[PDB]
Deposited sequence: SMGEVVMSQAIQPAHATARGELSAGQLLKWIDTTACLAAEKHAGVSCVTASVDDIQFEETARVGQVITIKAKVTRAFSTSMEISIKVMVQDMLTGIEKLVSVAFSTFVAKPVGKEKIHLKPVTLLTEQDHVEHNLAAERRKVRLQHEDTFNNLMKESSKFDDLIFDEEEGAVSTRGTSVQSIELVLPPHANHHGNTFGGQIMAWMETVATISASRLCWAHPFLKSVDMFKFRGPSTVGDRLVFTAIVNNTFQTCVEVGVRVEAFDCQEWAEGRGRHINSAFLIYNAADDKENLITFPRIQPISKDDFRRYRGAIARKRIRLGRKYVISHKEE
């Protein structure tokens, strides 16, 4: 019913040192599902234009099953809004818990110089009309949002073919995964404990990336508050030539909020800064 459904069993390969699902991996999965919904509407390849605020109510563990459902709520001109629901199920108890509810914005790409005009989302249920109207306000918010200490972390990732679509365009989800890895390192470096992602703030993907180009990641704590730490990550891009000349492209800047727990499952308080 307009939904794209992905199901993933959580393996050690998706895990952190604690037997928990890497938040970056989950973000990758989410972006993939959403992108598939978008492309299912568009009929052409789509890329992650932006992401709204994402909060995680639960942290999934190895052995559990993640279910991700994405849907196109509304098409505009070249962009569209995707609603995402993430559920976790324990396979010993049978219990389902909501992990996340979020929105992401995807943009349809032409092959060449094709203009692109998206057909409208067909509406049936009343809730379809409701979400169809809310999509406009949420979009307005998204657009207006573009009104815009030595424990730093630096990292670098080379963009290979499995990190982009078949046209060569880097996945926003991969970037989000790498981002999350680096940020987590920063948080850990502040608390010397075990950080788990509480949320990611809304941000835009400002420019495209391509296979073969370098992504420099710069993470640093921006603020702290009781049990929450905020890490800001910057993603800058260079093709080989740009890499040689030091002139990069600001791909994106995001803010990730973490909690943390020690080597016992008890929560901890971050120092003030």
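Absence of C-alpha coordinates is noted for several segments of the deposited sequence, namely 1, 150-174, 300-332.
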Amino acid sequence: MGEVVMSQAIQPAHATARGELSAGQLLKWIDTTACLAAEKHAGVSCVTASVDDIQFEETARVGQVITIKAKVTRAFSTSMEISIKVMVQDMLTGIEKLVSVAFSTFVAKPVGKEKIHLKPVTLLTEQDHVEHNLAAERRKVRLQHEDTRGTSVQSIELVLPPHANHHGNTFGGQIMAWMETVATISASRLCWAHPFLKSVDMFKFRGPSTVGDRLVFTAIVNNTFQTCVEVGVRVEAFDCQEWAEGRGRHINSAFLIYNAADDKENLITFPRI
From here on, numbers count along this sequence of modelled residues.
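When the C-alpha B-factors of 149-157 and 179-187 are averaged, 149-157 comes out higher. Annotation for 90-98 versus 119-127: the higher mean temperature factor (C-alpha) is found in 119-127. When the C-alpha B factors of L256, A9, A261, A15 are read from the deposited coordinates, the top value falls at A261. Note on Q64, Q226, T32, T67: the highest value goes to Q226, judged by CA B factor as recorded. When the CA B factors of the chain's modelled residues are split into thirds, the value for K109 lands in the highest one. Ranked by Cα temperature factor within the chain, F76 sits in the lowest third according to the deposited record. Among the modelled residues of the chain, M202 sits in the middle third by CA temperature factor in this PDB entry.
Per the PDB record, residue ranking by Cα B-factor puts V221 in the highest third of the chain. The PDB entry assigns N169 a C-alpha temperature factor belonging to the lowest third of its chain's modelled residues.
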